[PDB]
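Encoded as structure tokens, the structure appears first; notes follow it.
Here, residue 1 is the first one in the sequence, and each next residue gets the next number. All values below come from the heavy atoms of this structure, side chains included, with hydrogens, waters and symmetry mates left out.
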Amino acid sequence: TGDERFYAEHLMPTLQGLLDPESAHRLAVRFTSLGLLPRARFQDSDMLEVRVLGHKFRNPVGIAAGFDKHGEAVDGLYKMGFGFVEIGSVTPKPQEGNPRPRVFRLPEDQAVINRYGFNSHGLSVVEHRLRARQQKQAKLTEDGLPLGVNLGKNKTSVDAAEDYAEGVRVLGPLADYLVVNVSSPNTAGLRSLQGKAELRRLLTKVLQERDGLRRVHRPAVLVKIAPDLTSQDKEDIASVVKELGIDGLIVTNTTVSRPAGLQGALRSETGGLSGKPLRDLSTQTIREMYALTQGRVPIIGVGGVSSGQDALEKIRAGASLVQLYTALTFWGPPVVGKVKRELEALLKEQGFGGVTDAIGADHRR
Ligand SMILES: Cc1cc2nc3c(=O)[nH]c(=O)nc-3n(C[C@H](O)[C@H](O)[C@H](O)COP(=O)(O)O)c2cc1C
Ligand SMILES: COC(=O)/C(C#N)=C1\SCC(=O)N1c1ccc(-c2ccccc2)cc1F
Ligand SMILES: O=C(O)c1cc(=O)[nH]c(=O)[nH]1
């Protein structure tokens, strides 16, 4: 399309040239929240529908956590053509996050580095914002457009598991799925929650709170992991997830690594790296986690998706669904319909009847 080219070659470079990346993001949330978007000509076909996590998903491409941290733009994100929306991460109490500047563009690498540090309106604000549209979301979910809520922990919290439990109780009743995000690179000690005895302790507590919700308000629970984990960490996670019956994994968050070859001037800023340089590290992480779980645990694949090929690589590696964020910052809203159109074309070219048939296909070769 002409929209894809206009956004990619004129509008997004112009906004990037005029605004620092945090300003640009704030303006994008605002625009999106108002539905001021090119609006998606792409009509989802049947072959893009996926059933997983106790829901129908009209298409398998979601917006990753971090774009709509506070649940302000959910409707606008469906209008952009996302098959599912994840908000957050949301912390129990409001908190401001790190001082600015705290997000940086690496245009020569099609990458971003961020260190927001869980800026969050907090659970009560987000609860009331979702309650104001609760029935509109119920109808969206029923029509195949589910809602995920990503839960974080406060910087000064003295008990991490209790922070997650409070999130389950408060936002669980309003979500189709919850995410225990234990993989932000930007909160001290958080990624240690990914180790064994303490992952099992944490997730048992979270699941017990989830199971204590009334049946119609009881969400799936997924664990979001980093791309930087050791072999041992990955094996431990797989074992716990199977043992507790966790509903799924989100693979991956941003990387603390700095792959060789980054060209951006800002490559050595502290934070998590996203976008193209993360792509194959995330794909490979999916591949390993799918094999370690025997293909029995749904995976949402994320990191560096900017095309149908990128989406399909993750699906064939084991993802049932994918998400993207950073690609938007570079290509804008038309990238969503692009990914979907390309993915549909590729599935037909490679002999798959739909997305579902492609899930984990590389492990059967
Ligand atoms: C600016 C920014 C903020 C993010 N904040 C969150 C967050 O609050 N919670 C979370 O689980 N992931 C967060 N992420 C990670 C993304 O959800 C995603 O896992 C990662 O960026 C890889 O996808 P991408 O390459 O398509 O951006 C953030 C990413 C970016 C770029
Ligand atoms: C002055 O700013 C604009 O004109 C924008 C913006 N931002 C417009 S005009 C029509 C439109 O669609 N957007 C817009 C909306 C959202 C994004 C966006 C969404 C997610 C992540 C990053 C950017 C980008 C856009 F250009
Ligand atoms: O708030 C952030 O800094 C943030 C959280 C997260 O989980 N991942 C990320 O890259 N940034």
Does the side chain of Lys224 pick up a donor-acceptor pair with the side chain of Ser183 at under 3.5 Å?
no
What is the ring orientation for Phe57 with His55, classed by angle as parallel under 30°, tilted 30 to 60°, or perpendicular over 60°?
perpendicular
Just one of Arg316, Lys276, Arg279, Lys338 clears the salt bridge (charged side-chain N to carboxylate O under 4.0 Å, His left out) bar with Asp310, so which one?
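That would be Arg279; it is the only one of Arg316, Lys276, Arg279, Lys338 passing the salt bridge (charged side-chain N to carboxylate O under 4.0 Å, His left out) with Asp310.
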Honestly curious: do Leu266 and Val256 fall in one hydrophobic cluster under the side-chain, below-4.5 Å linking rule?
no
Cluster check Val335, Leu36: I/L/V/M/F/W/Y, side chain < 4.5 angstrom
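No, separate clusters.
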Hey, are the side chains of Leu347 and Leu48 touching, using non-hydrogen atoms and a 4.5 Å cut-off?
yes
Is [X] salt-bridged to [Y], cutoff N-O under 4.0 Å?
X      : Y      : value
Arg41  : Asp3   : yes
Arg30  : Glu72  : no
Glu49  : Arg51  : yes
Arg58  : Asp46  : no
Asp109 : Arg267 : no
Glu209 : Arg169 : yes
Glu127 : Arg131 : yes

Take atom CZ in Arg258; do more than 12 heavy atoms of anything else shown fall under 6.0 Å from it?
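Atom CZ in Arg258 is crowded, with more than 12 foreign heavy atoms closer than 6.0 Å.
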Among residues at least two apart in sequence or on other chains, which ones pass side chain to side chain contact (heavy atoms under 4.5 Å, CB included) with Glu142?
none
Looking at the rings of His25 and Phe67, which for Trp means the six-membered one, are their centres under 6.0 Å apart?
yes
